[PDB]
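In structure tokens, one chain follows: the form deposited in one PDB entry.
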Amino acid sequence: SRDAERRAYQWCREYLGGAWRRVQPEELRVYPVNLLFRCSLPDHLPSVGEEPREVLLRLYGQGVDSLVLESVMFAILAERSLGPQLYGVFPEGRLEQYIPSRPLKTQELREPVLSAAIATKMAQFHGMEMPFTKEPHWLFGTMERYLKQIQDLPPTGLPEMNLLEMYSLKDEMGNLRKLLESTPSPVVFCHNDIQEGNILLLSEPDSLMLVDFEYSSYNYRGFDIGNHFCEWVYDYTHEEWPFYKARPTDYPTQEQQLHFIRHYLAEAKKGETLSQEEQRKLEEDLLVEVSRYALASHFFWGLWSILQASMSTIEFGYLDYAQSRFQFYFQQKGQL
């Protein structure tokens, strides 16, 4: 649309500057990749200074405090080379670095060399000191909030038993909390959504970059790792309803888990002098830690998915997905 093009043009000229000042409106069109759009400097123009030639316009399409935290977080991760560079912030959105790349696919997560690189990157992320609350209320605080939001949803006319009741989730949350309370896991700065779609394979390699910090917070290490392992099971590119596919046998084997964990710990502990024996203990303990915190991935996203279903119709089977996550929760809990 004319208006959308004009706004993008203005934002690029104003926030990027440099060569962008020389761009004529007729030479720039936005490309959707929807709230996300690519903008590229015309080939004929040389860059002036360090201003980027390739950006993504992200439109917000959220509380004040929330927006402050989100923007500060993005800005800091950019400075630390853990996210895309930040070129403009304005009321409607932001301008970010377009990272030349493609996202990983579900099946690629299991490849040993990529898996090692993901583990290293996650550990790097977990090394960050960020100016946010360090108290680990995010996990159960968010789940408790989601549960309350679900309880408060207006009835829709759908006749099925409420998933909260079918799976006894209010009670089960207490059961999960008790299990996890018995399971030490250090509190670190977590991504919280390290799925394939958020892992960019760089065309100009440090071979990967994480994106999508919507859910990031100080949280239990075990959640970030366990959540990533859960993602090995789900492909969100499936072309028929419900528009995801679960392959439970694709959950990582013990050997695949340990491979990841060894590389994670190599990065996390790189500044430390540890014996082979101490290292093995750290690995074994982390295996157990993750086996329990992985359950929280199912619980968390199942609750989140019920809420998504309340805002959805036929574009994705959110309720179906929720039920998949809760089924796997009880299966894997039973397998501990």
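A residue's number is simply how far along the shown sequence it sits, counting from 1. The term rigid core refers to the most C-alpha atoms you can superpose between the two forms while keeping them within 1.5 Å.
Not on display, but discussed next: the form deposited in another entry.
Note: rigid core superposed between this form and the one not shown; among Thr133, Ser71, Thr237, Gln254, the CA shift is 2 Å or more only at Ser71.
Once the cores line up, the CA of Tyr321 ends up less than 2 angstroms apart between this form and the one not shown.
Here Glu96 counts as shifted, since its C-alpha moves by at least 2 Å between this form and the one not shown after the core is aligned. Here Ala296 does not count as shifted, since its C-alpha moves by less than 2 Å between this form and the one not shown after the core is aligned.
Between this form and the other one, the CA-CA gap for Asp193 and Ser312 narrows by 3 Å or more, being smaller in the other entry.
Distance between the C-alpha atoms of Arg145 and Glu92: shorter in the other entry than here (change of 3 Å or more).
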